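Residue-level structural notes
Each chain, written out:
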Amino acid sequence: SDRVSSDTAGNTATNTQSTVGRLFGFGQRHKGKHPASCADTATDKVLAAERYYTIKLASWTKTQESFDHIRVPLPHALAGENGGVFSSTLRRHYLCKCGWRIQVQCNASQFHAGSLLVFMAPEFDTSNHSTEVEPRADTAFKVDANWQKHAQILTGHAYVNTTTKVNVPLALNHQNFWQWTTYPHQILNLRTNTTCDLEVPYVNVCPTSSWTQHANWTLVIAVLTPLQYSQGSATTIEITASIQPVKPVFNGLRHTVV
Amino acid sequence: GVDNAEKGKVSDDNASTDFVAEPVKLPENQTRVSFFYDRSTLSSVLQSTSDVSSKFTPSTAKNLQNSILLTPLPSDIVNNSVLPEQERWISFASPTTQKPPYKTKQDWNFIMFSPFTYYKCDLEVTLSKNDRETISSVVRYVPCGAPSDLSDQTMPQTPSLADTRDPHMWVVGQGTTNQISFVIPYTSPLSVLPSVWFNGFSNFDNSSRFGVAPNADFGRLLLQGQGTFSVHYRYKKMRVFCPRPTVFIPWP
Amino acid sequence: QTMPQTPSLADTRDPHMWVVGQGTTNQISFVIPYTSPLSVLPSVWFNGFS
Amino acid sequence: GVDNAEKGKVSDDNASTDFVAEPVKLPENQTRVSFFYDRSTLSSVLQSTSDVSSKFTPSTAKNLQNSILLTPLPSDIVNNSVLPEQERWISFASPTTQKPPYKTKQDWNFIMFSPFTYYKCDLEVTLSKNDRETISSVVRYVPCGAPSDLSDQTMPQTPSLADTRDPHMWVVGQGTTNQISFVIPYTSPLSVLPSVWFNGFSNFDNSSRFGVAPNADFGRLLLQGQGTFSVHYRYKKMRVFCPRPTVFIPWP
Amino acid sequence: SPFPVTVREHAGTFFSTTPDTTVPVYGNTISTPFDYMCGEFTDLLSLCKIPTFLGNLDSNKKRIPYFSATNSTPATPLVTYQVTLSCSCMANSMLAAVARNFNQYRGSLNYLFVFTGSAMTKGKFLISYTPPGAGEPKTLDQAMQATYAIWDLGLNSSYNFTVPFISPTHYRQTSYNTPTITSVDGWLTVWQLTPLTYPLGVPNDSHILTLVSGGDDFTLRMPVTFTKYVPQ
Amino acid sequence: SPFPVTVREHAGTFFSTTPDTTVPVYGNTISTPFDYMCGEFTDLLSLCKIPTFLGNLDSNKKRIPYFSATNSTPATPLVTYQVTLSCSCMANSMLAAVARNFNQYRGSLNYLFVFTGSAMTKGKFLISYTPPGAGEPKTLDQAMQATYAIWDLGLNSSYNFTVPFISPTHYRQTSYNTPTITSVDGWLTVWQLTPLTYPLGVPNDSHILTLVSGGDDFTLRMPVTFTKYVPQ
Amino acid sequence: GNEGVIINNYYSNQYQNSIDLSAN
Amino acid sequence: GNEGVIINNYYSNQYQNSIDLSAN
Amino acid sequence: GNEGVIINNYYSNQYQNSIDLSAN
Amino acid sequence: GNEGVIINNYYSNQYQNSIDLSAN
């Protein structure tokens, strides 16, 4: 009952009956102040853009191992048509600045076992690691379609051919997942909770973002404990997410992209 | 006692929570970020075979250039760039041994321990000659993203590097102690610098090397005069943001 | 060495000193604080094992 | 908004004049004339093959004299003058290459960027030996327009340049650091110096070289002792008057 | 008694920019009086704010301080300037000449256009500033989608257009090797909204002078030396 | 008049850790504003207190962030961790990563266990911390003889266990060549007190996540560099 | 951290350190 | 510009700098 | 013992000497 | 005799000079 929580955002509302609270990364919220690096008065407080956008993320099966994960580049994950007015406004602006409030959903039963780590990370590598090809605009910022394995990111992944890889011991896109818990996060333990609630402020190398070139935040869902269940229990276990851009700011109005 | 890690945060306990014990804390402040990074660590090496009174021309010799990019992150000549640029990975200098030295320049202590996503600081640089032969050298410091000006001498027998208003240093003689040190302010147009990765491109057609931020450095150092010089960085008034994972270490 | 032609000893955050040149006086001096985990050090014998 | 450039002056606007925007200014004072010019820039080079204890005699060797005229503007031996004089133009040292070095001495940074017609300042001069051989040199500073006194030694085995009450410097030995620096006050009889052109003659029969002002310099430096020395100028308490065009730059 | 000293490791070093002075060898000297002087200025920014000419290309690829317009409305911009103090079109303006000696800038840029056609000539231009991210504007429809002002000819001859400082970073680079998101900031394009219109006996081509300078809140910082070149 | 000085015997020495500054060559420069930033932290201790994962061995000798328990009570501990910030099991935790850069530590250590089995699974564990001197505990009888807490599964999923700082010395070494009484401090072992118990249709193996971090009164001191290695 | 000299810095604070400024 | 030492100049102002004087 | 300089130490006391602290 | 420095001795008087003491 203290675990029943409702959250309104524009014309949308998330509801959960097993919340463990909302974690505020860095104990900060994006307040929506205009970037001091822009002279033009920003476009803001667009109610049609300050809502939750819900999307399906993945299917969790018994084959996923600890640290296999799924990445959701932001704001790009919502820069497509399904991003509604946030997207259509974003595409027509040079710069955007915002925070994120997110809830990832995933229910099992009292007879299933397993757990996920739900976290937000700034400057978290979202490029593909199954190839030695340089990441490009249309491949670097895409939501993972398949679970990513973990071994090849511990020391990073150089965009060089397999034989050169031998003489490259470390790449700057390395991610020591044993410490992924140092990022603002929550754990989705099947026996405890079917939802995780996070919120992070705006962080970047600069006042506002030229988003077309940079996915500054990444929502990541990684399994910590493999999914387990006995013969007879529901086999389809899926993961979903409600993503809300917090008080976004737009500057530099222009014609649309693509 | 019991708790719930799914909250994303659990209490920091001491022995008194579950047992008959007392807190045992003693004051200590050597863990402060400012204090920790406020010390000099080897971060680069430079080599020149040109005299002081000559035209500076970019060169490489066994993985050592006569100029460096001021950044704790790995840097090196990238895809035949004229001057070194920030790298995205480290490589062994040797094509066979699979053991260091690396061909890339960096502050190993920073790369191996930078549990933050962004940092801000001033940079204290120390340049030291590797042998005892009397030093005779000229160094030019170029602010972050400023013109390198790799031009000809405008006057005969003068060090082209000194032909600038950019901050430069000239040390020579029997009375000197073969080193140079100075501190430069943060000069990047970025508010804070990415300490490990930059999840994006640096130009508008997204054709740059993904992973490297635009102008994420403290400028460059160009050198002329004979010798091999080691470089140290010391991070003044250091400030870090957003905790993140450290480099992984092989399991014992 | 992590980089070619550099003194491996200087490749650390530990306190280190570098003296070289014709302007130096061939010596180094400095003071370090007591760093042992022991409260006091045994000056002659320690009647035990470690 | 609309305006009329014919007035000879139009307003300095910010984004708020025509659009829904705010001023975005941040304090900054590195553009002050005093601060900008208050740094050392290479401005000359000197060479001598005579020992300290000898009679100073003007010489030239591959475009380098053993004395200089203290002025940021180009200077060189003009029409076989005994000592260098202010030039009215810059020439390549080489008769073929059509590339620098130039045979003329000047502060390239000043020539390339002097958006004013007149200037006033004190001069901080730095003289550095181009190699590490122990220095043994004597320099004589002669105020603007004062007698050069290129006389014989009055006593055997003494540096004739030191045989004066004019300010002079003597550096020598194993304990020195092969350089000299000092600051001299503005000494020209002119109230302010012309920074680029002087639209007139310097004597009464108008026979001098049109374009060069009379006594428009900070004096001269004569040197004896072995070696090649580079010179730097640093403009103290710099003051400039009457804005004017900068040197043209070829279209990209 | 003598004071013990610790000679630092940089003994004898000549620092070209140390904020300290050196030894005066001819002191107690009066600097020749100049109190009668006029025209003194103390900040180089003053220069940056003086509008000076942009170099536009001739039909013969010769540089001129203006562009042409006539009785028609092209589907493409009459002129296009990339906002960079590095733009070749402004290479010889005082603004660029000063900026070449500094590392970064911040603030407004003023693009001044002066109509030089006859008094009987009328017309309207649409001056647009397009921030980057989606490339250069290809049509009037796109150019109007960004920051713009409509300039109507008439009694007042010139139009003072401001390129607002819109940037992800507080400061921007004045030059670069390859364009980056911190050194290139979009485009200023001027379009013909309505055709230049006029009566008989009036030359078909009107010339519009083009100048640039820093705006009210424009600043530069970090004294540096630009890439040297051989004058010609 | 000039001041007489006594040049000390260490003239020209470069001290990497002198508590003094050097010569500023580009002063009066504004550090690009960053007041909009969030997430700043000023003490590395903050990191040490964030619970991160311990690496337990798989049945195939692969490293995993948890251990297994089932319907039985082994006569031996399910997991054993030696209390040393050097323990290989915590080699990749943030606590160890930070500690590797300091010489000594003092204070509490928090070992966090998160039960990930089904909601229908019950059971009790006995988490014990055995100080050294008499070797590792060989039986439950011995393990209970030292500092311990009984963890009962239920509504709350995790158990925050504290290894009290019990030491002959005020500070302890973070690493060592050979174990000494000032660098190795005993063992943390978790035993199955009652078997994990559950109904039909529930997998027999339950996974318990294991994490470590410094406690409330935990501190580190003396910045140093750890033994270098080649990443792989 | 790591500055422990009791006499004030010889170079003024504006010059010894970069100047921190808030844009708001 | 470009002087940032907090302790006063060792040489007096008359000697360190030329003396500015008005003729009127 | 054995310190006889009248002007105060250039490095602060925290840095020049180890810091003495009582655990009780 | 023969000491003419106006700033006080850097080393304390106990150390710079032997200590004069009367036995009565």
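Description of the structure in this document. (Residues numbered from 1 in each chain as written, not as in the entry; some residues may be left out. Chains lettered and ligands numbered in written order. Part of a larger assembly, values for the part shown. Heavy atoms only, no water.)

1. Details of the arrangement of the chains
To keep things clear, this is the line we draw: Here a residue-residue contact requires only that any non-hydrogen atoms of the pair lie within 4.5 Å.
Taking C-alpha atoms only, the smallest gap left between chain C and chain E, which are not in contact, amounts to 7 Å. Looking at chain A next to chain H, you find no contact at all, with the nearest C-alpha pair sitting 28 Å apart.

2. Here's the deal with the interface of chain F and chain D
The following threshold applies: Summed over both partners, the accessible area (1.4 Å probe) lost when two parts come together is defined as the buried area. What makes a salt bridge here is a side-chain nitrogen of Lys or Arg within 4 Å of a carboxyl oxygen of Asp or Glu, nothing more. Counted as a polar contact is a pair of N or O atoms within 3.5 Å, where, for protein atoms, one must be capable of donating a hydrogen and the other of accepting one, and residues adjacent in sequence contribute only when both atoms are in side chains.
On the side of chain D, eight residues touch chain F, which itself brings six residues to the contact. Roughly 450 Å² of surface becomes buried between chain F and chain D when both sides are summed, with 43% attributable to carbon and sulfur atoms. Our count for the contact surface shared by chain F and chain D stands at zero salt bridges. Here chain F is connected to chain D by four residue pairs in polar contact.

3. Some remarks on the sheet that holds strand 12 (residues 237–253) of chain A
By way of backbone hydrogen bonds, the strands of a sheet pair with one another, either parallel or antiparallel. Residue and element names in this part refer to chain A. Rules: Pairing between two strands requires that DSSP report at least two bridges joining them. Secondary structure elements follow DSSP: runs of H or I of four or more residues count as helices, runs of E of two or more count as strands, with numbering from the N terminus. Note on definitions: angles span 0 to 180 degrees between N-to-C directions of axes, and those axes are lines fitted to C-alpha atoms, for helices only across the stretch in contact.
The five strands lie next to each other as 3-10-6-12-4, forming an open sheet whose pairing is mixed. Strand pairing shows two members of the sheet lacking a second neighbour, strand 3 (22–24) and strand 4 (53–60), which therefore form its edges. On average, each strand axis in the sheet is tilted by 25° relative to the strand beside it, whichever way the strands run. Taken together, the 11 bridges between strand 6 (residues 93–105) and strand 12 define a ladder with antiparallel strand orientation. Within strand 12, the position partnered with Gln105 by the bridge is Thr240.

4. Let's talk about the pairing of strand 9 (residues 79–82) of chain E
Residue and element names in this part refer to chain E. Our working rule: When a residue's accessible area, from a 1.4 Å probe over protein chains only, is under 20% of the maximum for its type it is buried; when over 50% it is exposed; and in between it is partly exposed.
In strand 9, alternate side chains face the same way, and those of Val79 and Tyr81 are buried while those of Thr80 and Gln82 on the opposite face are not. Sheet topology note: the strand 9/strand 16 (residues 187–197) ladder contains four bridges and is antiparallel. Note that in strand 16 the partner of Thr80 across the bridge is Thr189.

5. Digging into the interface of chain B and chain F
Listed as interface residues are 77 residues of chain B and, on the opposing side, 79 residues of chain F. Summed over both sides, the interface of chain B with chain F buries roughly 6,700 Å², with 62% coming from carbon and sulfur. When the area that chain B buries against chain F is broken down by residue, the three leading residues are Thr31(B), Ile249(B) and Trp251(B), summing to 10%. Here chain B is connected to chain F by one salt bridge. Of the charged contacts in the structure, one is a salt bridge between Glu40(F) and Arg239(B), with a shortest N-O distance of 3.0 Å. Between the two partners, chain B and chain F, sit 31 residue pairs in polar contact. Elements with a minimum of two residues in the side of chain B that touches chain F: strand 1 (2–3), helix 1 (33–37), helix 2 (108–112), strand 9 (116–129), strand 12 (179–184) and strand 15 (227–243) of chain B.

6. A word on the pattern of salt bridges
All names here are of chain B. Counted under the stated rule, the structure contains 36 salt bridges over all chains. Between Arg234 and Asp38 there is a salt bridge, and its shortest N-O distance comes to 2.7 Å. Of the two residues, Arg234 sits in strand 15 while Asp38 sits in the loop between helix 1 and strand 2 (41–48), which places them 196 residues apart along the sequence. Accessibility expressed as a relative area gives 0% for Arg234, which makes it buried.

7. Let's talk about the sheet that holds strand 18 (residues 219–221) of chain E
Residue and element names in this part refer to chain E. A sheet is described by the order of its strands in space; here three strands give the open sequence 15-10-18, paired in antiparallel fashion. Edge positions in the sheet fall to strand 15 (172–173) and strand 18, since each has one partner strand and no second. When strand 10 (residues 104–106) meets strand 18, the two strands line up antiparallel, connected through three bridges. Bridge pairing in strand 18 links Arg106 to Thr219.

8. Notes on the state of the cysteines
The following threshold applies: Two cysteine sulfur atoms form a disulfide, by the criterion used here, when they sit within 2.5 Å.
Scanning all chains against the criterion turns up zero disulfides over all chains. Counting only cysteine sulfurs, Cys206(A) is the nearest neighbor of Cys38(A), a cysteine outside any disulfide, at a range of 9.7 Å. Here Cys89(E) is not cross-linked by a disulfide; its sulfur's nearest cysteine counterpart is in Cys87(E), at 4.3 Å.

9. Some points on the nonpolar core
Rule in force here: Residues belong to a common nonpolar core when they are buried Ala, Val, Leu, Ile, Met, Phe, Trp, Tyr or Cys residues joined through side-chain atoms within 4.5 Å.
Counting residues in each nonpolar core, the largest one holds 172 residues, and the members touching the most others are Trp100(A), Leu219(A) and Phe113(F). In terms of residues, this core owes the most to one element, strand 15 of chain B, which gives eight residues. Setting aside anything within four residues of it in sequence, one finds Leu219(A) in contact with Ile70(A), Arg71(A), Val72(A), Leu74(A), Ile102(A), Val104(A), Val118(A), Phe119(A), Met120(A), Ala241(A) and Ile243(A). Of all hydrophobic cores here, the second largest spans 93 residues; its members include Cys89(E), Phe125(E), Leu196(E) and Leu220(E).

10. Structural notes on a nonpolar patch on the surface
Selection criterion: A patch consists of residues whose relative accessible area exceeds 30% and which take part in no salt bridge; residues with like charges are grouped when within 9 Å of each other, and nonpolar side chains (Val, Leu, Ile, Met, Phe, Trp, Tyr) when within 5 Å. A 1.4 Å probe and the Shrake-Rupley method give the accessible areas. Residues count as covered only by the protein chains that appear here.
Judged by side-chain polarity, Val23(E), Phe3(F), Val5(F), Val7(F), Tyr10(H), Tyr11(H) and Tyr15(H) come together as a nonpolar surface patch covering roughly 670 Å² of accessible area. With respect to the helices and strands, the residue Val7(F) is situated in strand 1 (residues 5–7). With a relative accessible area of 46%, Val7(F) lands in the partly exposed category.

11. What to know about the pairing of strand 14 (residues 158–163) of chain F
Of all the six residues making up strand 14 of chain F, six are buried; the element is thus mostly covered by neighbouring parts of the structure. Bridge count between strand 1 of chain B and strand 14 of chain F: two bridges; the pairing is antiparallel. Its bridge partner being in strand 14 of chain F, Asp3(B) is matched across the sheet by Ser158(F). Judged from the six bridges that link them, strand 11 (residues 109–115) of chain F and strand 14 of chain F form a sheet pairing that is antiparallel.

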